[PDB]
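Have a look at the structure below before the remarks.
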Amino acid sequence: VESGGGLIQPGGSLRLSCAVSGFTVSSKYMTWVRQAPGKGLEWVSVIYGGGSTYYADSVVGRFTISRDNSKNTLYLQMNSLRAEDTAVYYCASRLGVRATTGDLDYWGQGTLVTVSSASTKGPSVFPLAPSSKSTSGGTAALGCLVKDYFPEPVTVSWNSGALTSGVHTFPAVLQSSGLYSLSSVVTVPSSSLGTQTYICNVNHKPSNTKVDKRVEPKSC
Amino acid sequence: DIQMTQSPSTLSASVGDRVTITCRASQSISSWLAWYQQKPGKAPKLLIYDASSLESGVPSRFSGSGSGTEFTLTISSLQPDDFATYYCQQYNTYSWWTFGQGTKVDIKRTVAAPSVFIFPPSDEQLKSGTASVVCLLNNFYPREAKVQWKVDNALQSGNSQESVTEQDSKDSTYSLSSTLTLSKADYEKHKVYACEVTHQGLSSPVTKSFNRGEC
Amino acid sequence: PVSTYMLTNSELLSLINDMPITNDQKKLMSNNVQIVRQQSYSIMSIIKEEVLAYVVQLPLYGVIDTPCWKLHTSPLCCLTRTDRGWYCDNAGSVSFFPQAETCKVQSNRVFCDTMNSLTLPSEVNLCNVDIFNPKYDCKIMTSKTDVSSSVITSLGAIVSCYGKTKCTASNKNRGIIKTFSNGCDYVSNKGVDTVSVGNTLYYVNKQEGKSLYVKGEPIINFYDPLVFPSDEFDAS
Amino acid sequence: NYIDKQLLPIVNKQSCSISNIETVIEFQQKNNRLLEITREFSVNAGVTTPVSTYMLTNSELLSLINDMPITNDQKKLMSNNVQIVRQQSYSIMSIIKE
Amino acid sequence: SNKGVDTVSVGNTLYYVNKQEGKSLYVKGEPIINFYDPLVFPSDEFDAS
Amino acid sequence: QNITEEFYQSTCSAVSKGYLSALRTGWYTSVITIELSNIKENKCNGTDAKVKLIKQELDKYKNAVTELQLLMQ
Amino acid sequence: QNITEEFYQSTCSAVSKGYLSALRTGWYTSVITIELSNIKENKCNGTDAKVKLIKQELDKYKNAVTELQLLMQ
């Protein structure tokens, strides 16, 4: 599993770190795959068990793949980042054993790296009060609007991860003001609009803001 | 270096169908082509390696064939488990791995209509100079849905943004959340806010409405 | 070679996935580890009482999946071609390994050492058809008198029957199945298992022999636990 | 109770150690021939030359020699240069099971 | 020269001018401990009773 | 069957076609190390005191190691 | 460093100069003998009477020695 991604101004530097558990890094080849918004998968860099390192044309000389036997974590030093490097960087290796070279079946979570000048803004979280009616599907709906933040990503769960069924967290849309905005709703039985506790948990770590806003029906 | 190319861009098929994705090589890569599953927002999942050997523990409904420059991924009995984006990978040497550009897959299924909800802007937000009214289309199919806002029965256009979640893993329906952005000056100038949802699964246009100062 | 003590199979495959070669080379060595060992070395480097360190030395191949071939020749009456041995196609040209030692064959896959190989044009292939190929000076071995012999090839044999000598080819079931007139005949290792040339007998096919067996029976370990009668004693 | 609860448990633990030992020895001893073979195949990677006195004893060589489709004069010549016949023979491991 | 150049390709065949340094392998062994159990007889308690 | 033979009476020779090749053009080295699981003499007496298996078995090794340590130069 | 290389484009060949030599022109023989530290069977019974390590360990040897006595002629 990764860490250390995030936003950095162009020309700046960033340090990825791939936490691996289950096997020793000093006996298998480790790899890095990056994925642009809405593009395909692009191989980036690889370190074999014996120290041979290779980097794709796009990044050679500017990136530096390395590993340390101690912390059992392969890194990926990214120097002189430009706009085109902005993507989500996955690390991977092959758990199983054979003598061919290329397939992967352990992949990390995935960490975002954003290269842009824009500053960081925390989100404003407002509750979406369920409607005065109780029809329209047999139940009712309430939700949360995560508006005016930059940059990605923001994670929205319900009840610290308890309420999962009927939930829909939408992908963000870049508003005209240069900030991102997404909504998160949950379909709940209208027989418990004010009975069940509904707490949407907005987490946006690029700005260190963690907001809890409760969604109850409106006073009217 | 090698490049891989698949077809088509997006392939639609129903549950239980037989799907065939192709992946072509600019050089004969012998038998080293790997297939990967990527459910949106997740990590790639290894289905097939070395052209034909299936990774132990992945459902046996996936199969590969071929060698050289013509490779094919065939699914025998499709499932709601599998609806995601599929990638092929060549690994003909150590130094230079290159991926396919991807084949994104959607579904056909029994039509299901959207549950229309409208949400008034919260009291916490109107005290900031901007009000955002949210209209929700929960669990519908097909993906195509139409949302239009009415402010005093006057159609809005271009002051709202839509977002559609990916096809669901279980029931396999989409959702839709459109947010109407106006300034606090423009919001309190009018009373009737509503969003009209027309859909293939609805008998007629459906309208959810509320009043400003009331609820 | 590199013994299974010096390098286990796990470790050999551990070293193979680290060699700077192509997936097509990596896959050929994984499937002929027998030959790769016979071609590797092991040199003792640093020997201390509480730790030994040796250097393994594996072969790396330059080219793979080339078409190769092997030449046997026999007297013609008297001519005798002398470019006998393994030929392989190098880039553009043809590498020629003349000593039978430096080239290992498994199945259909040859592994040759290039340390002393010759590089010839592809036009030497035209020497098999015509001794006077004008595009290459075929090295030949001559003689002003009649000679007779046989040479056992990979898949058969060649019978040079010349002069008053009396050569034949027997089959195991049918016995003598062909006499040879004066000329160069070629015999398949399917039909013929023996070729006699005069007073010397050539064997076209290996001769199956008695099968030997060494039987072993499981060894039974026995012991005798020594048990004391405490109950009769704890009563008295 | 010292003899029975203290000292007989140890004499019996010993009578067990000595059977294990005597067996591990008697194993390196009855399969002595096998263990050489399986050693020298490990050291030559499956093909050994010459044919060691472990791979083929002299008893077995004369058994095989009287079966070669050859003349009494070859049979007698090989019997008298068994050293050379070994230096010219091979041994290839075919089917090795557990 | 084998100082400046480590590889020479000639067409489709790759020659290696210099030996390729490889992975280093290690097989570790820990000291084996011999254990026994000495048998002591309570003679003093016995020689008094 | 891939491998075949061609026979030419013109030259009275036979070719053997149908082989795929591997031409060794270099070496790949690896430094394998291994450690001694060393035994510590167990101090106490056996059935026969004049017999020190643990000691003799070490000097058998030590002395073997020594004879190899004299081959490096 | 003593050893060097010269390259001749005239012949497209390369010499490796700078080697000192030893050319073997004969043999020196030596007859080494060695004796067997022989074991005498120890008469008494063990834990298992059906097990005679010392005898079998000699027949393992004896028979090996015998198999070598059959190679000289």
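If you're wondering about the labels, chains in the structure tokens are A, B, ... by order shown, residues count from 1 in each chain, ligands from 1 in order shown.
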Hey, list the chain G side of the contact with chain D: 10 Å cut-off, only C-alpha atoms, answer as a VMD selection string.
-> chain G and resid 46 to 48 51 to 53 56 to 57 59 to 60 64 66 to 73
For N, CA, C and O atoms, I'd like the residues from the last selection saved as a CSV table (one decimal), in the first residue's frame.
chain,number,residue,atom,x,y,z
G,46,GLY,N,23.8,-55.5,21.3
G,46,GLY,CA,23.3,-54.2,21.4
G,46,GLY,C,21.8,-54.2,21.8
G,46,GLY,O,21.2,-55.2,22.2
G,47,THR,N,21.2,-53.0,21.6
G,47,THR,CA,19.8,-52.8,21.9
G,47,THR,C,19.0,-53.7,21.1
G,47,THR,O,18.0,-54.3,21.5
G,48,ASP,N,19.4,-53.8,19.8
G,48,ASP,CA,18.7,-54.6,18.8
G,48,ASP,C,19.7,-55.6,18.3
G,48,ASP,O,20.7,-55.2,17.8
G,51,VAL,N,20.9,-56.0,14.5
G,51,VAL,CA,21.6,-54.9,13.9
G,51,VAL,C,23.1,-55.0,14.2
G,51,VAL,O,23.5,-54.8,15.4
G,52,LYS,N,23.9,-55.2,13.2
G,52,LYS,CA,25.4,-55.3,13.3
G,52,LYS,C,26.0,-54.2,12.5
G,52,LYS,O,26.5,-54.4,11.4
G,53,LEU,N,26.0,-53.0,13.0
G,53,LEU,CA,26.6,-51.8,12.3
G,53,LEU,C,28.0,-52.1,11.8
G,53,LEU,O,28.3,-52.0,10.6
G,56,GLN,N,28.2,-54.7,8.9
G,56,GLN,CA,27.8,-54.1,7.7
G,56,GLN,C,28.6,-53.0,7.2
G,56,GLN,O,28.9,-52.9,6.0
G,57,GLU,N,29.2,-52.2,8.1
G,57,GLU,CA,29.9,-51.0,7.7
G,57,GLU,C,31.3,-51.5,7.1
G,57,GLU,O,31.8,-50.9,6.2
G,59,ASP,N,31.4,-54.6,5.5
G,59,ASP,CA,31.1,-55.2,4.2
G,59,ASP,C,30.7,-54.1,3.2
G,59,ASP,O,31.0,-54.3,2.0
G,60,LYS,N,30.3,-52.9,3.7
G,60,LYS,CA,30.1,-51.8,2.8
G,60,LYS,C,31.5,-51.4,2.2
G,60,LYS,O,31.6,-51.3,1.0
G,64,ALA,N,33.2,-52.6,-1.5
G,64,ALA,CA,33.7,-51.5,-2.3
G,64,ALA,C,35.1,-51.8,-2.8
G,64,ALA,O,35.4,-51.8,-4.0
G,66,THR,N,36.5,-54.6,-3.1
G,66,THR,CA,36.4,-55.7,-4.0
G,66,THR,C,36.1,-55.2,-5.4
G,66,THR,O,36.7,-55.5,-6.4
G,67,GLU,N,35.1,-54.3,-5.5
G,67,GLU,CA,34.7,-53.8,-6.8
G,67,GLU,C,35.8,-53.0,-7.5
G,67,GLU,O,35.9,-53.0,-8.7
G,68,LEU,N,36.8,-52.5,-6.7
G,68,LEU,CA,37.9,-51.8,-7.4
G,68,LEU,C,39.0,-52.9,-7.8
G,68,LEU,O,39.6,-52.7,-8.8
G,69,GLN,N,39.1,-53.9,-7.0
G,69,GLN,CA,40.0,-54.9,-7.3
G,69,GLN,C,39.7,-55.6,-8.7
G,69,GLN,O,40.5,-56.3,-9.2
G,70,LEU,N,38.5,-55.3,-9.2
G,70,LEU,CA,38.1,-56.0,-10.4
G,70,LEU,C,38.3,-55.1,-11.6
G,70,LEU,O,38.3,-55.6,-12.7
G,71,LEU,N,38.7,-53.9,-11.4
G,71,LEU,CA,39.0,-53.0,-12.5
G,71,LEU,C,40.5,-53.0,-13.0
G,71,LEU,O,40.7,-52.9,-14.2
G,72,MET,N,41.4,-53.2,-12.1
G,72,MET,CA,42.8,-53.5,-12.5
G,72,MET,C,42.9,-54.9,-13.2
G,72,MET,O,42.2,-55.8,-12.8
G,73,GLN,N,43.7,-54.9,-14.3
G,73,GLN,CA,44.0,-56.2,-15.1
G,73,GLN,C,45.4,-56.1,-15.7
G,73,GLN,O,45.6,-55.5,-16.7
As a compact mmCIF listing (two decimals) with N, CA and C atoms, in the first residue's frame, please: chain G after a least-squares superposition onto chain F using all C-alpha atoms matched in order.
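What ended up in result.txt:
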# COMPACT_ATOMS: atom_id res chain seq x y z
N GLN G 1 7.10 -34.25 -34.91
CA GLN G 1 8.49 -34.24 -35.34
C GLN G 1 8.79 -33.09 -36.28
N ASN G 2 9.79 -32.30 -35.89
CA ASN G 2 10.32 -31.19 -36.66
C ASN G 2 11.54 -31.59 -37.47
N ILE G 3 12.45 -32.29 -36.84
CA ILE G 3 13.78 -32.55 -37.37
C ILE G 3 13.72 -33.61 -38.46
N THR G 4 14.45 -33.36 -39.56
CA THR G 4 14.50 -34.27 -40.69
C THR G 4 15.92 -34.36 -41.22
N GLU G 5 16.11 -35.30 -42.15
CA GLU G 5 17.39 -35.49 -42.83
C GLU G 5 17.26 -35.44 -44.35
N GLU G 6 18.23 -34.78 -45.00
CA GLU G 6 18.41 -34.76 -46.45
C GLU G 6 19.74 -35.38 -46.79
N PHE G 7 19.77 -36.14 -47.87
CA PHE G 7 20.98 -36.81 -48.30
C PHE G 7 21.32 -36.34 -49.70
N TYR G 8 22.56 -35.91 -49.89
CA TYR G 8 23.01 -35.42 -51.18
C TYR G 8 24.03 -36.40 -51.71
N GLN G 9 23.70 -37.01 -52.84
CA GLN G 9 24.60 -37.95 -53.48
C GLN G 9 25.67 -37.22 -54.23
N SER G 10 25.40 -35.96 -54.58
CA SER G 10 26.37 -35.15 -55.28
C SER G 10 27.67 -35.06 -54.49
N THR G 11 27.57 -34.83 -53.18
CA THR G 11 28.70 -34.67 -52.28
C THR G 11 28.89 -35.86 -51.35
N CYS G 12 27.96 -36.80 -51.34
CA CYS G 12 27.93 -37.93 -50.42
C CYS G 12 28.05 -37.41 -48.99
N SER G 13 27.06 -36.61 -48.64
CA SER G 13 26.93 -36.06 -47.30
C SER G 13 25.45 -35.98 -46.95
N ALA G 14 25.18 -35.84 -45.65
CA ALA G 14 23.82 -35.73 -45.15
C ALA G 14 23.67 -34.59 -44.15
N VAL G 15 22.69 -33.74 -44.38
CA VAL G 15 22.39 -32.64 -43.48
C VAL G 15 21.29 -33.09 -42.52
N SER G 16 21.22 -32.46 -41.34
CA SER G 16 20.15 -32.72 -40.38
C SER G 16 19.47 -31.40 -40.11
N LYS G 17 18.37 -31.15 -40.81
CA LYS G 17 17.72 -29.86 -40.68
C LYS G 17 16.68 -29.88 -39.57
N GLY G 18 16.37 -28.69 -39.06
CA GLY G 18 15.26 -28.53 -38.15
C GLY G 18 15.66 -28.31 -36.71
N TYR G 19 16.72 -27.55 -36.45
CA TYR G 19 17.15 -27.24 -35.10
C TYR G 19 17.05 -25.75 -34.81
N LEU G 20 16.51 -25.45 -33.64
CA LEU G 20 16.48 -24.12 -33.05
C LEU G 20 17.62 -23.96 -32.06
N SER G 21 18.16 -22.76 -31.98
CA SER G 21 19.45 -22.60 -31.33
C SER G 21 19.47 -21.59 -30.20
N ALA G 22 20.53 -21.69 -29.41
CA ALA G 22 20.89 -20.70 -28.41
C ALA G 22 22.42 -20.62 -28.43
N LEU G 23 22.96 -19.49 -28.85
CA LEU G 23 24.40 -19.28 -28.98
C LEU G 23 24.93 -18.43 -27.83
N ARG G 24 25.73 -19.03 -26.96
CA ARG G 24 26.25 -18.31 -25.79
C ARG G 24 27.23 -17.21 -26.16
N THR G 25 26.90 -15.97 -25.77
CA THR G 25 27.73 -14.83 -26.13
C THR G 25 28.21 -14.05 -24.91
N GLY G 26 28.27 -14.67 -23.74
CA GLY G 26 28.67 -13.94 -22.56
C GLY G 26 28.36 -14.74 -21.32
N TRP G 27 28.71 -14.16 -20.17
CA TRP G 27 28.54 -14.85 -18.91
C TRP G 27 27.75 -14.01 -17.93
N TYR G 28 27.03 -14.71 -17.05
CA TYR G 28 26.28 -14.07 -15.98
C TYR G 28 26.75 -14.72 -14.69
N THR G 29 27.33 -13.93 -13.80
CA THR G 29 27.85 -14.44 -12.55
C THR G 29 26.94 -14.09 -11.39
N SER G 30 27.12 -14.85 -10.32
CA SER G 30 26.34 -14.69 -9.11
C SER G 30 27.21 -15.20 -7.99
N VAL G 31 27.18 -14.49 -6.87
CA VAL G 31 27.99 -14.83 -5.71
C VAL G 31 27.06 -15.42 -4.68
N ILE G 32 27.16 -16.72 -4.51
CA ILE G 32 26.40 -17.43 -3.49
C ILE G 32 27.29 -17.64 -2.28
N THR G 33 26.79 -17.25 -1.12
CA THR G 33 27.50 -17.49 0.12
C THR G 33 26.70 -18.51 0.92
N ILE G 34 27.36 -19.22 1.84
CA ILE G 34 26.67 -20.12 2.74
C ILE G 34 27.43 -20.19 4.05
N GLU G 35 26.68 -20.36 5.14
CA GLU G 35 27.22 -20.33 6.48
C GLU G 35 27.18 -21.71 7.11
N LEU G 36 28.09 -21.90 8.05
CA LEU G 36 28.25 -23.14 8.77
C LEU G 36 27.36 -23.13 10.01
N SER G 37 26.45 -24.09 10.11
CA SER G 37 25.75 -24.33 11.36
C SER G 37 26.72 -24.96 12.35
N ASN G 38 27.37 -24.12 13.15
CA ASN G 38 28.51 -24.53 13.95
C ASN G 38 28.05 -25.27 15.19
N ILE G 39 28.82 -26.29 15.56
CA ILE G 39 28.58 -27.04 16.78
C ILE G 39 29.54 -26.57 17.86
N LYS G 40 29.00 -26.38 19.06
CA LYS G 40 29.77 -26.04 20.24
C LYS G 40 30.03 -27.33 21.00
N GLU G 41 31.30 -27.60 21.32
CA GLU G 41 31.58 -28.82 22.07
C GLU G 41 30.72 -28.82 23.32
N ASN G 42 30.12 -29.96 23.58
CA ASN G 42 29.31 -30.14 24.77
C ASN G 42 30.19 -30.77 25.84
N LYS G 43 30.38 -30.05 26.94
CA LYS G 43 31.33 -30.45 27.97
C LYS G 43 30.60 -31.23 29.05
N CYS G 44 31.14 -32.43 29.29
CA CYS G 44 30.67 -33.63 29.97
C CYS G 44 31.40 -34.82 29.38
N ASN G 45 31.23 -35.98 29.99
CA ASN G 45 31.97 -37.17 29.62
C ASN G 45 31.01 -38.18 29.01
N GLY G 46 31.48 -38.96 28.04
CA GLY G 46 30.66 -40.02 27.48
C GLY G 46 30.97 -41.40 28.03
N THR G 47 30.47 -42.40 27.31
CA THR G 47 30.66 -43.78 27.72
C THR G 47 32.13 -44.10 27.73
N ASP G 48 32.84 -43.62 26.72
CA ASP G 48 34.27 -43.80 26.60
C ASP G 48 34.89 -42.42 26.58
N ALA G 49 35.73 -42.13 27.57
CA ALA G 49 36.28 -40.79 27.64
C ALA G 49 37.30 -40.56 26.54
N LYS G 50 37.98 -41.62 26.10
CA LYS G 50 38.96 -41.52 25.03
C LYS G 50 38.32 -41.21 23.63
N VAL G 51 37.05 -40.82 23.53
CA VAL G 51 36.36 -40.65 22.26
C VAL G 51 35.66 -39.30 22.27
N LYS G 52 36.12 -38.40 21.41
CA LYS G 52 35.57 -37.04 21.31
C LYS G 52 35.06 -36.82 19.89
N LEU G 53 33.90 -37.41 19.59
CA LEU G 53 33.34 -37.32 18.24
C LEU G 53 33.27 -35.88 17.76
N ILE G 54 32.72 -35.01 18.60
CA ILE G 54 32.47 -33.64 18.18
C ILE G 54 33.75 -32.92 17.86
N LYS G 55 34.80 -33.17 18.62
CA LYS G 55 36.04 -32.46 18.33
C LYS G 55 36.62 -33.00 17.04
N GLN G 56 36.76 -34.32 16.93
CA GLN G 56 37.32 -34.89 15.71
C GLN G 56 36.48 -34.53 14.49
N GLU G 57 35.16 -34.45 14.65
CA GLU G 57 34.32 -34.19 13.49
C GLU G 57 34.51 -32.75 13.06
N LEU G 58 34.92 -31.89 13.97
CA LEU G 58 35.23 -30.53 13.58
C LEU G 58 36.61 -30.49 12.97
N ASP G 59 37.58 -31.17 13.58
CA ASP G 59 38.90 -31.17 12.98
C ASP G 59 38.87 -31.83 11.61
N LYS G 60 37.94 -32.77 11.40
CA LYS G 60 37.76 -33.29 10.05
C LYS G 60 37.35 -32.17 9.10
N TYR G 61 36.45 -31.31 9.54
CA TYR G 61 36.03 -30.16 8.77
C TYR G 61 37.09 -29.09 8.71
N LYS G 62 37.38 -28.47 9.85
CA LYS G 62 38.44 -27.47 9.93
C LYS G 62 39.59 -27.81 9.00
N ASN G 63 40.11 -29.03 9.11
CA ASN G 63 41.28 -29.35 8.31
C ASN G 63 40.95 -29.42 6.83
N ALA G 64 39.73 -29.84 6.48
CA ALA G 64 39.30 -29.77 5.09
C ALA G 64 39.26 -28.33 4.61
N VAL G 65 38.59 -27.47 5.37
CA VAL G 65 38.53 -26.06 5.04
C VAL G 65 39.95 -25.52 4.88
N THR G 66 40.85 -25.89 5.78
CA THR G 66 42.22 -25.42 5.69
C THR G 66 42.84 -25.86 4.36
N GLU G 67 42.64 -27.12 3.98
CA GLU G 67 43.24 -27.57 2.73
C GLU G 67 42.70 -26.82 1.52
N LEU G 68 41.52 -26.22 1.63
CA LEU G 68 41.04 -25.40 0.52
C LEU G 68 41.61 -24.02 0.60
N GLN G 69 41.84 -23.53 1.80
CA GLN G 69 42.39 -22.19 1.92
C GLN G 69 43.79 -22.13 1.34
N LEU G 70 44.35 -23.26 0.97
CA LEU G 70 45.71 -23.30 0.48
C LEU G 70 45.76 -23.33 -1.02
N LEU G 71 44.61 -23.50 -1.67
CA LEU G 71 44.55 -23.53 -3.12
C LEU G 71 44.35 -22.16 -3.74
N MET G 72 43.60 -21.28 -3.10
CA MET G 72 43.54 -19.90 -3.55
C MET G 72 44.87 -19.19 -3.32
N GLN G 73 45.27 -18.37 -4.30
CA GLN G 73 46.46 -17.50 -4.22
C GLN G 73 46.25 -16.20 -5.01
Exercise: residue 110 (chain B) partners within 8 Å, only C-alpha atoms, chain neighbours under 2 positions left out, as a ChimeraX atom specification | /B:108,112,141
Using only C-alpha atoms, which residues sit within 6 Å of region 115-120 of chain B once same-chain residues fewer than 3 positions away are excluded, as a PyMOL selection string?
-> (chain A and resi 128-129+136-137) or (chain B and resi 133-138+208)
Report as a ChimeraX atom specification: the residues of region 72-143 of chain A with a DSSP assignment of strand (DSSP E or B), based on the backbone of this structure.
-> /A:73-79,87-93,106-107,111-115,121,124-128,140-143
Residues from the last selection, C-alpha atoms, saved as a CSV table (one decimal), in the first residue's frame:
chain,number,residue,atom,x,y,z
A,73,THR,CA,9.3,-0.7,0.9
A,74,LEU,CA,10.1,0.3,-2.6
A,75,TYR,CA,10.0,4.0,-3.4
A,76,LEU,CA,9.8,6.2,-6.5
A,77,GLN,CA,11.5,9.6,-6.4
A,78,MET,CA,9.8,11.9,-8.8
A,79,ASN,CA,11.9,15.0,-9.7
A,87,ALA,CA,-1.8,10.7,-12.6
A,88,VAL,CA,-2.5,8.0,-10.1
A,89,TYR,CA,0.6,5.8,-9.4
A,90,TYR,CA,0.1,2.1,-8.5
A,91,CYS,CA,2.9,-0.2,-7.3
A,92,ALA,CA,2.8,-3.9,-8.1
A,93,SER,CA,4.8,-7.2,-8.0
A,106,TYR,CA,-0.4,-7.8,-6.1
A,107,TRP,CA,-1.3,-4.2,-6.7
A,111,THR,CA,-2.1,7.2,-4.7
A,112,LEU,CA,-2.9,10.4,-6.6
A,113,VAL,CA,-0.2,12.9,-7.6
A,114,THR,CA,-1.5,16.3,-8.8
A,115,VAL,CA,0.9,18.8,-10.4
A,121,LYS,CA,-9.0,24.7,-0.4
A,124,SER,CA,-17.9,23.1,2.5
A,125,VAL,CA,-20.3,20.3,3.6
A,126,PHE,CA,-24.0,21.0,3.6
A,127,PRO,CA,-26.9,18.6,4.5
A,128,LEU,CA,-29.5,17.7,1.9
A,140,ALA,CA,-37.1,8.9,1.0
A,141,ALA,CA,-33.6,10.2,0.2
A,142,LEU,CA,-31.2,12.5,2.0
A,143,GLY,CA,-27.5,13.3,1.3
Please identify which residues in chain F DSSP calls alpha helix (DSSP H) from the backbone, and express them as number ranges by chain.
-> F: 53-69
Could you give me, as CSV, a per-residue list for chain C showing, wherever an atom lies at most 6 Å from an atom of chain F, the closest pair of atoms and their distance in Å to one decimal, using only C-alpha atoms and sorting by chain then residue number from low to high?
residue,atom,partner,partner_atom,distance
C:50,CA,F:36,CA,4.8
C:51,CA,F:35,CA,4.3
C:52,CA,F:34,CA,5.4
C:53,CA,F:33,CA,4.2
C:54,CA,F:32,CA,5.5
C:55,CA,F:31,CA,4.6
C:56,CA,F:30,CA,5.2
C:57,CA,F:29,CA,4.3
C:58,CA,F:28,CA,4.9
C:59,CA,F:27,CA,4.9
C:60,CA,F:26,CA,5.2
C:61,CA,F:24,CA,4.2
C:62,CA,F:25,CA,5.1
C:63,CA,F:23,CA,5.8
C:64,CA,F:22,CA,4.8
C:65,CA,F:20,CA,4.5
C:66,CA,F:21,CA,5.1
C:67,CA,F:20,CA,5.1
C:68,CA,F:19,CA,4.7
C:69,CA,F:17,CA,4.8
C:70,CA,F:16,CA,5.0
C:71,CA,F:15,CA,4.9
C:72,CA,F:14,CA,5.4
C:73,CA,F:13,CA,4.1
C:74,CA,F:12,CA,5.7
C:108,CA,F:19,CA,5.3
C:109,CA,F:20,CA,4.9
C:110,CA,F:21,CA,4.8
C:111,CA,F:22,CA,4.6
C:112,CA,F:23,CA,5.0
C:113,CA,F:24,CA,5.0
C:114,CA,F:24,CA,5.9
C:128,CA,F:11,CA,5.7
C:129,CA,F:10,CA,5.8
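Counting only C-alpha atoms, the residue from A:8, A:50, A:151, A:34 that sits nearest to chain F is A:50.
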Which polymer residues have any atom within 10 Å of an atom of residue 225 (chain C), counting only C-alpha atoms, with same-chain residues fewer than 4 positions away left out, as a short mmCIF file (atom, residue, chain, number, x, y, z; two decimals) with N, CA, C and O atoms, in the first residue's frame?
data_model
loop_
_atom_site.label_atom_id
_atom_site.label_comp_id
_atom_site.auth_asym_id
_atom_site.auth_seq_id
_atom_site.Cartn_x
_atom_site.Cartn_y
_atom_site.Cartn_z
N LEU D 8 13.42 -45.02 34.72
CA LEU D 8 12.98 -45.80 33.57
C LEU D 8 12.53 -44.91 32.42
O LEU D 8 12.72 -45.28 31.27
N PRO D 9 11.90 -43.76 32.68
CA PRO D 9 11.65 -42.82 31.57
C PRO D 9 12.90 -42.43 30.82
O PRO D 9 12.83 -42.19 29.61
N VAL D 11 15.90 -44.29 30.65
CA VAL D 11 16.43 -45.46 29.96
C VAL D 11 15.60 -45.74 28.71
O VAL D 11 16.13 -46.24 27.70
N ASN D 12 14.31 -45.45 28.75
CA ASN D 12 13.49 -45.74 27.58
C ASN D 12 13.68 -44.64 26.54
O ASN D 12 13.68 -44.93 25.34
N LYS D 13 13.79 -43.38 26.97
CA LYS D 13 14.15 -42.31 26.04
C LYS D 13 15.47 -42.63 25.32
O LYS D 13 15.66 -42.26 24.16
N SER D 15 16.62 -45.81 24.81
CA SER D 15 16.43 -46.98 23.95
C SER D 15 15.75 -46.60 22.64
O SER D 15 15.78 -47.39 21.69
N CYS D 16 15.20 -45.39 22.56
CA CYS D 16 14.51 -44.78 21.43
C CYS D 16 15.50 -43.95 20.63
O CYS D 16 15.54 -44.05 19.40
#
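As for CA of residue 42 (chain B) and CA of residue 109 (chain A), they are spaced 7.1 Å apart.
With only C-alpha atoms as the basis for measurement, E:43 is the residue among E:43, E:49, E:1, E:12 that approaches chain D most closely.
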Computed gap from CA of residue 179 (chain A) to CA of residue 7 (chain A) is 14.2 Å
Which residues of chain C come within 7 Å of chain D, and for each one, what is the closest pair of atoms and their distance in Å to one decimal, counting only C-alpha atoms, sorted by chain and residue number, as a Markdown table?
| residue | atom | partner | partner_atom | distance |
| --- | --- | --- | --- | --- |
| C:1 | CA | D:44 | CA | 5.9 |
| C:3 | CA | D:43 | CA | 4.4 |
| C:4 | CA | D:42 | CA | 5.2 |
| C:34 | CA | D:45 | CA | 6.1 |
| C:37 | CA | D:45 | CA | 6.7 |
| C:38 | CA | D:45 | CA | 6.9 |
| C:210 | CA | D:64 | CA | 6.6 |
| C:221 | CA | D:19 | CA | 6.1 |
| C:222 | CA | D:19 | CA | 6.7 |
| C:223 | CA | D:19 | CA | 6.5 |
| C:225 | CA | D:12 | CA | 5.8 |
| C:226 | CA | D:12 | CA | 6.6 |
| C:228 | CA | D:4 | CA | 6.4 |
Requested write-out: C-alpha atoms of the selected residues, as an mmCIF file, in the first residue's frame:
data_model
loop_
_atom_site.group_PDB
_atom_site.id
_atom_site.type_symbol
_atom_site.label_atom_id
_atom_site.label_comp_id
_atom_site.auth_asym_id
_atom_site.auth_seq_id
_atom_site.Cartn_x
_atom_site.Cartn_y
_atom_site.Cartn_z
ATOM 1 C CA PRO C 1 28.803 -28.700 -14.309
ATOM 2 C CA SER C 3 25.647 -29.301 -9.325
ATOM 3 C CA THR C 4 22.241 -29.346 -7.687
ATOM 4 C CA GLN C 34 19.950 -29.823 -17.796
ATOM 5 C CA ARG C 37 24.046 -26.662 -16.015
ATOM 6 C CA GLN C 38 26.314 -28.621 -18.287
ATOM 7 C CA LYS C 210 18.815 -56.727 -20.390
ATOM 8 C CA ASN C 221 13.519 -50.236 13.657
ATOM 9 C CA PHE C 222 12.647 -52.094 16.821
ATOM 10 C CA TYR C 223 13.028 -51.289 20.453
ATOM 11 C CA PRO C 225 10.286 -50.476 26.357
ATOM 12 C CA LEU C 226 11.167 -51.533 29.874
ATOM 13 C CA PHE C 228 7.918 -52.035 35.750
#
